[PDB]
Every structure is written in C-alpha cells, then in structure tokens.
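Let me begin by presenting the structure, written as structure tokens, before commenting on it.
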Amino acid sequence: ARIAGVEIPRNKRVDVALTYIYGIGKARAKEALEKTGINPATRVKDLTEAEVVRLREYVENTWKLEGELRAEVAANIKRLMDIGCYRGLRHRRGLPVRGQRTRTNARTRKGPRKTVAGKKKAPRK
Amino acid sequence: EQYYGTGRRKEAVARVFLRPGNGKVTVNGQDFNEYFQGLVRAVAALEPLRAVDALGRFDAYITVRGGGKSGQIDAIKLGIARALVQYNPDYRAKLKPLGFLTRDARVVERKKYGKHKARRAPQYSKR
Amino acid sequence: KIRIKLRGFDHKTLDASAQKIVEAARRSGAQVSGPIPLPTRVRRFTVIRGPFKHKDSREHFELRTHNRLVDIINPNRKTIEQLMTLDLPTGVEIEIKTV
Amino acid sequence: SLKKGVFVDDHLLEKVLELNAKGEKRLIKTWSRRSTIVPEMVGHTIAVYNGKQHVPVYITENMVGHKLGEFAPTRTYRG
Amino acid sequence: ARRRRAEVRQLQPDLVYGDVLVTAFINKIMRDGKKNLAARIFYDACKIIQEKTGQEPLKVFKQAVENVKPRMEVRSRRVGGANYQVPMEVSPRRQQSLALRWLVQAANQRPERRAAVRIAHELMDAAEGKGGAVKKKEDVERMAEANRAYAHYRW
Amino acid sequence: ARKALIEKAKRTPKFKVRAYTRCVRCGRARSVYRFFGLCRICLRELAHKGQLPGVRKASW
RNA sequence: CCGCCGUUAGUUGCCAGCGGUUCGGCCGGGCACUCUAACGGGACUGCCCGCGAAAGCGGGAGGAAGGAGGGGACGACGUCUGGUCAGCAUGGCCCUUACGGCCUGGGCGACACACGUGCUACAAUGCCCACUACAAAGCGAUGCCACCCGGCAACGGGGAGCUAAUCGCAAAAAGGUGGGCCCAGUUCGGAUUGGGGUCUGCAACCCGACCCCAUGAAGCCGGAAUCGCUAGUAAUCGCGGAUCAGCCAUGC
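Residue numbers (the UniProt record's numbering), protein chains in the order written: chain A, 2 to 126; chain B, 2 to 128; chain C, 3 to 101; chain D, 4 to 82; chain E, 2 to 156; chain F, 2 to 61.
So this is what it looks like as structure tokens:
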C-alpha cells in the first residue's frame with residue numbers, strides 16, 4: 002500500500018500509521034483522516050481502496066512531502082550559503098544559528114566532543 | 002440533638018457535625034464513596050464508629066475545607082473521634098489508649114535558604 | 003452603616019485604636035459592632051547577610067500590615083463629632099467610608 | 004518582529020530615494036545595520052558598520068526582507 | 002548512631018486487613034511517594050491470586066515471605082588492611098524487610114509488562130519457591146555457609 | 002564611569018526602556034529593590050540601623 | 001511560626017438553626033463552626049511503679065502536648081594578613097582637554113576541548129486525549145484583568161468588577177474516573193532543523209520570549225568514582241513573590 006515515497010505503514014491504527022510518514026506529523030495526519038473520510042481509531046488493517054487512495058490524493062494535491070520538502074530546506078540553506086550570513090556562516094562552521102552556546106554544548110551539530118589535550122589548567126588545585 | 006466535634010490535620014480542617022439516625026454519613030455535598038474514590042484510607046477514617054461496632058446509628062454531617070483528599074480524611078477522623086467523646090465521654094475511656102485524639106505534626110518546612118526542601122542540599126563538590 | 007478600616011504596622015497600638023473608638027462610640031450613641039480583626043497582609047522580603055558573593059547567608063524581613071474594621075449602627079452627633087475629631091495615630095492609617 | 008509591518012529606518016530611505024533621482028555614484032555609506040534589507044535599495048555597495056569598520060556587502064535578491072547587519076560578520080575568528 | 006540505639010517507628014496498621022506486613026510490602030512496591038497507586042496494583046494482584054489459587058491472600062503472602070526470610074547472611078569486619086566476609090545471623094526485622102525488597106526486585110527482573118502481573122506472579126511462585134528472590138535467598142545462605150570459616154570471626 | 006551614570010537616568014532619555022533603578026542611599030542599579038528605591042546592601046543597612054518602618058527582623 | 005483549650009470580635013463561614021428562593025450563602029437571619037488575630041493559660045519527670053547514691057533509665061497513664069514536642073531567627077572568646085577599594089565610605093599613589101564625559105555601533109552569548117551546579121530524559125507504577133476532585137502562600141490602580149468576540153493557537157477589538165478575607169491573577173498538579181498505544185529509537189525522549197505567525201520594545205542580526213505546522217539526533221538507565229537525605233525528612237507533583245519593556249528563570 003505505497004502512498005508517497007514507497008511508504009507503507011502496515012498494521013497500526015491509521016493515525017499513527019500515516020504519522021510514520023515524513024511530511025506528516027500528528028496534525029497533517031489526523032487532518033487527512035478527516036478530509037478523506039477514514040476512521041482515526043479503525044486500524045490500517047481492514048482498509049479499503051477509495052478512502053486510502055483518496056487519503057493519498059489529500060497528501061499530494063494539498064501539500065508536499067519528502068524529496069522536494071527537504072530540497073526546499075537545502076536550497077534555502079543555499080540562500081544562507083549564497084551571501085555568507087551568520088546563518089550560512091555557521092551553517093558552514095558546523096554551528097547553530099541561535100548564537101546561544103558555542104562554548105560548551107551544541108554537540109548535536111558537530112559530532113562527539115573530540116578532546117583537545119587538556120592544555121594543562123591554571124592554579125586550580 | 003447535636004453531637005459535634007472538631008477535626009484538623011496537616012493544615013486542613015473539618016467541621017464535624019454528628020446527629021443521630023441511621024449512622025449513614027455524607028460530607029461536603031457529594032456521596033462519601035465517590036468524593037474519595039482514591040485513597041484506601043477512606044473507610045479507615047471511619048474507624049471510631051467501628052471501634053464500638055456502632056457504624057450505623059449516629060448521623061454525621063461534615064464540612065471539610067483545605068489540605069487534600071487525604072488531609073480531609075484526617076480531619077474527618079479527628080472530628081468523628083471528638084464528637085462521640087462529647088455526647089458520651091464514656092467512650093473516651095477506651096479511645097485514648099487507642100489513640101483517637103493525638104492531632105498531628107507534618108509541615109513542608111520553611112525552605113532553608115541555601116538548601117532545597119529545607120533539608121535537600123545541593124551536590125557537594127569539595128573538588 | 004459606618005465602614006471604618008484601620009491599617010497598621012504596630013499591631014499593639016493599632017488594636018488599641020480599634021477598641022477605644024468602640025467605647026466612646028457605644029457610649030456617645032448606640033451599638034458599635036466589635037472592632038473585628040482582618041487578615042494582617044504581610045509583604046515578604048529577603049536578602050543576603052552581606053556584600054561579597056555569598057549565595058547562602060541571608061536575612062528575611064517583611065511588612066506586617068494589620069487590618070481593622072469597626073462598624074457602628076445609625077450614627078449620632080456626639081459620636082461623629084468627637085470620634086472624627088480626637089485621635090493620635092502618630093502614623094497609623096485611618097480610612098472610613100459610607101458603604 | 005513587527006507583526007503587522009516590517010521594521011526599517013529612514014536614513015536609508017531618504018538616501019536611496021535621492022540617488023534614484025538620477026542613478027549616480029556607485030557608493031553609499033550607511034552606519035545602521037539593525038535595518039531590514041529592502042529591494043528598492045537596488046543593492047550596490049551598501050557599506051555597513053561591523054564593530055571595527057565599515058565593510059561593503061553586495062545585495063540583490065535572496066536577502067529580500069531579512070536583516071542587513073547579518074552579512075556583516077562581526078564575530079571575528081573561526082572554528 | 003553513637004550515643005543512641007535509635008527508634009523503630011510503627012508502620013501503617015493496614016487499612017485493608019490490618020496487617021503491618023501488607024503495608025510494608027505496599028511501601029516497597031510504592032514508588033515516588035504515591036502509596037495508593039502501587040498498593041492498588043498489589044490488591045489487584047491479590048484478588049487475581051484468589052481467583053486463581055485456592056488459599057486466601059494473607060496465606061500466599063506468608064508462604065512467600067517465609068519462603069524467603071533469610072537468617073544467616075554476610076557482612077564485614079576489620080583486619081589491618083583486609084576484609085572479613087562475616088557470616089552472621091540477621092535480626093528478624095531486617096531479614097523480613099530485605100526479603101520483602103527481594104520480592105519487589107524479583108518483580109523487577111521479570112520480562113513482565115504490567116505491574117500487578119509481576120507482583121502476583123512472584124507471590125505465587127515464591128509461595129512456591131520458583132523465583133530469583135529465593136534463589137538469592139539461598140545464595141546469601143551460600144555466602145553465609147561458605148564464609149562460615151569466619152564463624153566466630155564476627156565483628 | 003559612576004557619577005555621570007546616575008545622572009544619565011536621573012533625567013529620563015528618549016525611550017522608556019532606557020531607565021534603570023538607583024540606590025539613592027548607596028548609588029547603584031544592581032538588585033535595587035524598587036519598592037524601596039534601595040539596593041540590597043543599602044536595604045539591609047537601613048532596616049538594620051532601625052531607620053525603616055513597617056519591616057521586622059522576620060522570624061516566620 | 002506551628003500543633004489543645006479558652007475571653008474579646010463577626011461583611012471570612014454558614015439551615016449548623018429558621019423563612020423563602022433566580023434553590024446557585026442566592027434573597028432575609030444568625031456567631032453556633034471554620035476562619036481571622038489578638039490577650040493568657042497548658043508540661044514540670046508534675047503523677048504512678050521498678051532500678052541508680054544522686055544525675056538519669058525502664059514501664060504505664062492522665063493529655064491536643066512527653067521526657068529538648070517539631071521548626072525559625074539566634075551564632076562567643078578567637079583564628080584565618082579569608083572575601084570585598086566594581087555597592088559605600090576610605091589612608092595613599094595616580095590621568096586631568098585624558099585613565100575624565102556623551103553618542104552610535106560591537107562584545108560581555110566567540111569555539112578544535114575540559115569542568116561544577118542543573119532541566120529533561122531514555123519509558124507501561126508509563127506516554128496520550130476526555131470528566132471530576134482537595135491545595136497553601138504570595139500578588140494586582142495608570143496595574144489585576146474574569147466576559148462575548150476575531151484568531152486552532154501566540155494574542156489581539158469592544159468590554160465588568162477592583163485602593164482587595166468581598167474584584168481578578170487561577171486551571172494546582174499528581175489523585176481519581178473513561179477511552180487509545182502494546183514493548184517498539186515506540187503516540188518513548190524532544191535535541192536539533194525549515195516555510196511561515198504573535199508580543200514587548202525606537203530597535204529582537206549578532207542577541208528576545210512565545211505560536212504554528214513539516215523535521216524528528218543522541219538516549220536501551222551511566223566504569224573509576226562520587227552526592228543527597230533520619231519523618232511528613234527523602235522521592236514525586238504543582239503553585240506564587242522578589243527584580244523586571246521584555247526575557248534567556250531549567251536560577252533563587
């Protein structure tokens with residue numbers, strides 16, 4: 002039961018089931034699960050074409066997902082990487098655009114904290 | 002006509018009216034066994050009427066404000082104690098050895114400047 | 003019909019102002035509903051014992067504002083006269099109204 | 004953010020709209036960087052301050068209505 | 002302490018049957034201070050035991066608890082720069098208490114999903130003896146009767 | 002600077018958001034309990050020295 | 001401060017006791033009960049018994065209160081040339097159209113690591129949506145802001161009462177009562193990520209909180225080691241105030 006991007010949820014209530022697809026969180030999911038019929042509770046199990054197919058019609062005709070959605074991301078990332086803005090600056094530098102912590106944390110954005118050497122410490126004792 | 006006691010525990014309070022009749026009890030509106038469909042201490046608070054096995058002769062009417070569900074419960078117990086130990090202090094003879102009047106203690110103590118829960122202290126370094 | 007509220011910092015004297023009124027008022031007229039005490043609202047303050055970076059070591063201080071309330075019945079000329087004239091709050095605050 | 008509107012400043016306004024009275028010299032000399040970039044600046048040599056000195060930044064399209072003083076580094080030294 | 006022998010302080014004289022044993026169990030089961038919740042889990046487990054097995058709750062309770070209740074354990078002593086794994090008989094209260102703990106964490110070990118299931122199951126098979134709690138019982142009894150060379154080498 | 006700073010705010014400039022409280026019994030902005038118009042050390046020196054009504058060396 | 005009782009006192013509370021009702025303390029009435037907040041009494045090994053030469057200890061009761069009842073402020077003589085001249089004063093040395101003063105910008109938030117205190121977590125004693133529950137304390141006039149409305153919301157337009165025990169902040173939350181998930185990098189955890197919105201403020205780039213919807217990392221419960229805590233203490237859960245345009249408050 003491929004919908005968009007070969008994505009088939011298999012046995013799981015239709016809501017969380019279609020939620021398992023990129024471009025669709027709880028909102029866009031349940032939203033679809035009204036605007037194309039389909040009972041939220043009723044599982045993906047005993048599903049039926051018409052309403053499944055039309056759910057898929059609600060996916061694409063309304064909004065986009067996957068490839069273009071991230072292509073959009075990366076291309077506007079290129080918008081940050083066409084002038085050289087702080088956003089793009091530290092997008093290159095491997096750093097977040099939030100100007101918060103560059104001293105300690107932010108290891109979500111540049112691999113594990115790879116030890117310098119310690120450099121030996123001041124009068125700490 | 003009126004057989005009254007005062008309840009009060011862990012910062013809460015219960016106006017404990019007790020008249021007589023069928024000894025059935027309901028408090029602050031809603032039926033007693035729905036008001037407190039949580040803690041099992043419920044029926045336990047009704048121990049004094051079960052201390053003489055006269056659970057159903059004296060009609061209680063209680064007004065408990067404050068504390069919590071359980072705190073309410075506490076004050077209720079306190080009062081049901083005090084009320085039968087008025088209109089028959091013959092019941093006092095066999096209720097203090099049972100401990101049906103020692104009020105309470107308990108206070109989330111004044112938070113100590115320097116520590117958390119007036120006791121709970123921050124992790125000590127040394128280093 | 004009289005609404006006299008007395009706001010005070012010295013509860014000792016502030017209360018002495020509460021019953022006094024009531025005597026001469028129960029005297030220079032008819033009933034004067036007792037001084038009735040009202041929630042001493044307290045403004046909590048606090049700060050550290052010293053100047054240098056000493057996170058612990060602190061002293062609390064707070065404002066004790068005691069509220070008083072006298073109600074008298076249907077007033078009289080003596081009552082109103084003297085008991086709007088004579089006083090010596092020397093600080094304490096006296097605020098009345100017609101409710 | 005201006006919820007209804009977009010923040011900008013009139014130094015730039017009076018300036019741009021007066022070189023637009025002809026289309027003259029290839030320099031402007033602005034001190035403001037808090038300002039939002041506008042497309043009527045055309046987008047030549049908007050010479051902006053940084054913290055140490057004025058440093059000219061180019062401007063065309065994709066910097067549409069996002070802030071000026073963002074294409075002026077400031078945070079010198081990298082890692 | 003040092004200038005004292007401390008205090009014991011009575012446990013909850015049970016709101017169900019009246020047994021302090023039950024409230025001690027309830028407490029050990031209880032987590033984060035919500036005595037009621039976990040107590041309920043226990044009671045569910047109980048009514049399950051007595052919709053399944055014949056003998057009444059407090060009976061299963063006693064046969065399980067008893068089928069742990071370890072007497073001789075090991076503790077420690079001083080030896081210049083070494084240690085003595087001192088086998089020693091345990092005070093009845095300490096025995097019974099830790100035993101209860103072992104019932105609880107025996108419910109922990111399990112691949113069981115719901116709580117009442119774990120607690121019930123344990124109380125059943127431990128009334129029996131088929132459990133890791135009794136395993137660790139007789140284990141600390143190895144410990145005791147296998148450091149028994151330190152018999153009168155107690156502290 | 003110091004002296005000039007108290008004067009800076011003492012005369013309200015342009016924007017409402019450029020005022021900052023001032024301990025007129027010590028002279029600073031940090032931790033000036035605006036209720037009293039006093040800093041914290043100025044606060045304690047006043048209350049302690051008995052020159053402050055309504056208070057109380059609280060013991061609650 | 002907190003636990004028991006009393007006397008003053010009754011715009012908080014109430015059929016507790018009566019009348020009626022828009023049956024909702026809502027309309028009169030009343031001080032009983034809570035409460036409020038004042039002035040005292042009450043606990044001393046005082047009583048009873050066994051031990052010790054006594055100091056004390058064991059057991060029991062009278063009582064709300066046992067043997068210091070729980071807490072708080074309370075901190076000597078002294079050390080340590082501790083900390084502080086960037087709160088203040090301050091002896092001296094020192095620049096004096098510059099080390100003085102204003103302004104606009106920029107940093108105090110930077111990043112190849114390291115560290116203390118911390119929030120959250122890694123999950124079924126759980127996550128999620130629905131119904132009902134009991135809090136205490138502290139706030140609020142050019143502020144508290146219930147109400148309809150526009151907006152899914154952020155919040156915005158008209159709008160009540162309020163110098164407060166009478167008006168609003170405010171929904172306590174966990175509890176309980178139904179239905180979903182079915183053991184999974186999961187409806188877990190949201191770290192981070194993009195296209196858009198709200199609010200304050202001259203101004204939100206550096207560098208604001210908050211809203212949306214799409215993104216959904218590490219995390220499978222932490223080795224050496226090491227911290228807290230002895231009773232309503234720990235653990236868990238929510239709530240306010242300080243200063244503040246706003247808010248980096250997971251802090252106190």
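Cβ atoms here follow ideal geometry from the backbone N, Cα and C, with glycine treated the same way.
Count the other C-beta atoms from every protein chain shown that fall within 10 angstroms of the C-beta of residue i, then say buried if there are 16 or more, exposed otherwise.
{"i": "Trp156/E", "result": "exposed"}
{"i": "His14/D", "result": "exposed"}
{"i": "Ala39/E", "result": "buried"}
{"i": "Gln33/C", "result": "exposed"}
{"i": "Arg78/D", "result": "exposed"}
{"i": "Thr13/F", "result": "exposed"}
{"i": "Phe37/B", "result": "buried"}
{"i": "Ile40/D", "result": "buried"}
{"i": "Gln56/E", "result": "exposed"}
{"i": "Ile98/C", "result": "exposed"}
{"i": "residue 1/D", "result": "Coverage of chain D is limited to positions 4 through 82, which leaves residue 1/D absent and any answer about it impossible."}
{"i": "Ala18/A", "result": "buried"}
{"i": "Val28/B", "result": "buried"}
{"i": "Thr24/E", "result": "buried"}
{"i": "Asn68/E", "result": "buried"}
Where does residue i sit, in a helix, a strand or coil, going by DSSP?
{"i": "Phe33/B", "result": "helix"}
{"i": "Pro10/A", "result": "coil"}
{"i": "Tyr4/B", "result": "coil"}
{"i": "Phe36/F", "result": "coil"}
{"i": "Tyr62/B", "result": "strand"}
{"i": "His62/C", "result": "strand"}
{"i": "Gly38/A", "result": "strand"}
{"i": "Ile42/F", "result": "helix"}
{"i": "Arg12/F", "result": "coil"}
{"i": "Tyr44/E", "result": "helix"}
{"i": "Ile81/B", "result": "helix"}
{"i": "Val60/D", "result": "strand"}
{"i": "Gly72/B", "result": "helix"}
{"i": "residue 83/D", "result": "There is no way to answer for residue 83/D, as the model of chain D reaches only from 4 to 82."}
{"i": "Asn37/E", "result": "helix"}
Looking at residue j and residue i, is the spacing between their C-beta atoms short of 8 Å?
{"i": "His62/C", "j": "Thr42/C", "result": "no"}
{"i": "residue 163/E", "j": "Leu124/E", "result": "Beyond the ends of chain E as shown, which are 2 and 156, falls residue 163/E; an answer cannot be given."}
{"i": "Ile27/E", "j": "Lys36/E", "result": "yes"}
{"i": "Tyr151/E", "j": "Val87/E", "result": "yes"}
{"i": "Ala26/C", "j": "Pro37/C", "result": "no"}
{"i": "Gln96/E", "j": "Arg72/E", "result": "yes"}
{"i": "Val67/D", "j": "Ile49/D", "result": "no"}
{"i": "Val14/B", "j": "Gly22/B", "result": "no"}
{"i": "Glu52/E", "j": "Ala145/E", "result": "no"}
{"i": "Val45/A", "j": "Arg11/A", "result": "yes"}
{"i": "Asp89/C", "j": "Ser35/C", "result": "no"}
{"i": "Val86/B", "j": "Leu99/B", "result": "no"}
{"i": "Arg81/D", "j": "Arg102/A", "result": "no"}
{"i": "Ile63/B", "j": "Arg10/B", "result": "no"}
{"i": "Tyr34/F", "j": "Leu47/F", "result": "no"}
{"i": "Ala127/E", "j": "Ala46/E", "result": "no"}
At a threshold of 7 Å, does residue i count as lining the ligand ATP (C-beta to nearest heavy atom)?
{"i": "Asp47/A", "result": "With respect to the ligand ATP, the structure shown offers nothing to examine, as it has no ligands at all."}
* Check whether the region 4–13 of chain C touches the region 75–91 of chain B, counting contact only when three or more Cβ pairs, one atom from each stretch, lie closer than 8 Å. => no
* Do the region 107–124 of chain A and the region 46–54 of chain B make contact, defined as three or more Cβ pairs closer than 8 Å? -> no
* Asked: Between the region 102–109 of chain E and the region 127–145 of chain E, are three or more C-beta pairs nearer than 8 Å?
  -> yes
* Does the region 22–42 of chain D come close enough to the region 59–71 of chain D to have 3 or more Cβ pairs within less than 8 Å? -> yes
* With a cut-off of 8 Å, do at least 3 Cβ pairs link the region 93–111 of chain B to the region 54–67 of chain B? -> no
* Three or more C-beta pairs below 8 Å linking the region 47–67 of chain A and the region 52–66 of chain D -> no
* Please determine if the region 110–119 of chain B and the region 71–87 of chain C are in contact, where contact requires at least 3 C-beta pairs separated by less than 8 Å. => no
* To do: Please specify which runs of the alpha helix (DSSP H), each continuous and at least 4 residues long, are wholly inside the region 53–103 of chain A, giving them in chain order.
  => 67–84, 87–93
* **Length at least 3, wholly inside the region 14–51 of chain C: the beta strand (DSSP E) runs in chain order** => 39–50
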